[PDB]
Amino acid sequence: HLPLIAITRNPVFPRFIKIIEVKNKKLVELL
Amino acid sequence: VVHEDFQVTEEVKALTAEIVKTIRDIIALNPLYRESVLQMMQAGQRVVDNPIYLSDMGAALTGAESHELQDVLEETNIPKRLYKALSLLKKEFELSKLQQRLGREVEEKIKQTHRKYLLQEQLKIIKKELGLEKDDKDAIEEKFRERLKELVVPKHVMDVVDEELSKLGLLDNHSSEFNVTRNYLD
Amino acid sequence: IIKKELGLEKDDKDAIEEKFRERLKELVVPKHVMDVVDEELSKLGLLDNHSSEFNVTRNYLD
Amino acid sequence: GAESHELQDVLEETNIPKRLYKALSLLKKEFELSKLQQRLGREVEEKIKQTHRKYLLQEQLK
């Protein structure tokens, strides 16, 4: 029961290190 | 997480060879990332515990749209998703090979243009040893000078003719402006 | 040395050059048109084959 | 590409004709496997090629 994560054009393929950098800081509060 | 498979794991692994060879072809002809990782995880080393993860990693390199990735994820049967991934790899390969072919075609056209220009320059330097200017028409410059020589001539026409002749010399032979200048001079 | 098929017109960026020459061989070419044709053939050889100006030169020469 | 077990089985054979025949049969089996894989791959390539040429034309259009 957590708010949906805004991917924001950051596709994440299986078993591949990826970096997500969202402009909204509200996700930082959840983190 | 469903991982149903057939008991006889003898010929099913054969398609892995084709998949890895296709990946090798893509990376060699379409270098996107460093090739060390492929060496690190070698099929012969037997350290591939979950072939599904290796297949996903290989397909992850594909440039197919995320819609195609979702379509692949929709499939449940292992062979169907394997064939879908192979088709996606072929889809990327078609575009990549077409891009390379078009690039080399344009480059070859440019090279042929430059080479024929070099042959033309060899003509202008060997048959047309510098100084004659027969094709450049500076020989025609001298011809017009001698044509004007005999005439008892006003100064106005000489100054305008000198201006015209300087313009003709400045302008290259093929220019339409050069053609009009030549016609006026004649 | 400087040209192929000597005793005649060089390829000079346009093979049909030679053809045109034979198309004029049977003809008793007047000198004025002769020099105009020679100059225009040089001009055609100066330009690249696929250029629009080269196309216009080819049309005029034909 | 015979598996290590098959290579050991070949090494087990003593008579030279026996191991030669075993190697020839292993080549036959692996060649048949590769040929079947090639034929199935060609079948799949043709079936994907069932996608009309208009699909490649649309790829070009985009």
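Please refer to the structure higher up on the page.
**A closer look at a negative patch on the surface**
- On the surface, a cluster of negative charge is made up of C:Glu5, C:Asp11, C:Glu18, C:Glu22 and C:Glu26.
- With respect to the element layout, C:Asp11 can be found in the segment before α1 (16–25).

**Some points on the interface of chain B and chain A**
- Between chain B and chain A, the residue contacts involve six residues of the former and four residues of the latter.
- When chain B packs against chain A, close to 600 Å² is buried across both sides, 73% of that on carbon and sulfur atoms.
- By the criterion of area lost to chain A, the three top residues of chain B are B:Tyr53, B:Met57 and B:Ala60, representing 55% of everything that side buries.
- In this structure, the connection of chain B to chain A is made through zero salt bridges.
- The interface formed by chain B and chain A includes one residue pair in polar contact.
- Here the side of chain B that touches chain A takes four residues from helix α3 (residues 51–60) of chain B, the largest share from any one element.
- Along the lines of polarity and charge, the residues of the side of chain B that touches chain A split into five nonpolar, no polar and one charged.

**Observations regarding helix α4 (residues 66–74) of chain B**
Residue and element names in this part refer to chain B.
- Along α4, the residues classified as buried are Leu69, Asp71 and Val72. In a view along the axis of α4, the buried residues occupy a sector of 160 degrees, so they form one face of it. Residues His67, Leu73 and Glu74 are exposed on α4 and point more than 90 degrees away from its buried face.
- Structurally, α4 contributes buried residues whose contacts are with α5 (78–126).

**Here we look at the packing of aromatic side chains**
- Summed over all chains, the structure comprises one aromatic pair over all chains.
- Judged by centre distance (6.4 Å) and plane angle (85 degrees), the ring pair of A:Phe16 and B:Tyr33 falls under edge-to-face. Here A:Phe16 is found in the segment before α1 (26–30), whereas its partner B:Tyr33 is found in the loop between α1 (14–29) and α2 (36–40) on a different chain.
- A relative accessible area of 30% places A:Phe16 in the partly exposed class.
- With a relative accessible area of 55%, B:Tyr33 lands in the exposed category.
- Residue placement shows A:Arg15 over the ring face of B:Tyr53; its charged tip is 4.0 Å from the ring centre.

Criteria and cut-off values
Residues numbered from 1 in each chain as written, not as in the entry; some residues may be left out. Chains lettered and ligands numbered in written order. Part of a larger assembly, values for the part shown. Heavy atoms only, no water. Patch = residues over 30% accessible without salt bridge, like charges linked within 9 Å, V, L, I, M, F, W, Y side chains within 5 Å. Areas by Shrake-Rupley, 256 points an atom, 1.4 Å probe, with all protein chains shown as cover. Salt bridge = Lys/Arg side-chain N within 4 Å of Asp/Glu carboxyl O. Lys, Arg positive; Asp, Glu negative; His and termini not counted. Charge placed at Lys NZ, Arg CZ, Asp CG, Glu CD. Helix = DSSP H or I, 4+ residues; strand = E, 2+ residues; numbered from the N terminus. Contact = heavy atoms within 4.5 Å. Buried area = accessible area lost by both parts, 1.4 Å probe. Polar contact = N/O pair within 3.5 Å; in protein donor to acceptor, adjacent residues only side chain to side chain. Nonpolar A, V, L, I, M, F, W, Y, C, P; charged D, E, K, R; others polar. Buried < 20%, exposed > 50% of the residue type's maximum accessible area, 1.4 Å probe, protein only. Arc of directions from axis to C-beta. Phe/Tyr/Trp six-rings, centres within 6.5 Å; stacked < 30°, edge-to-face > 60°. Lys NZ or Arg CZ within 6 Å of the ring centre and 35° of its normal.

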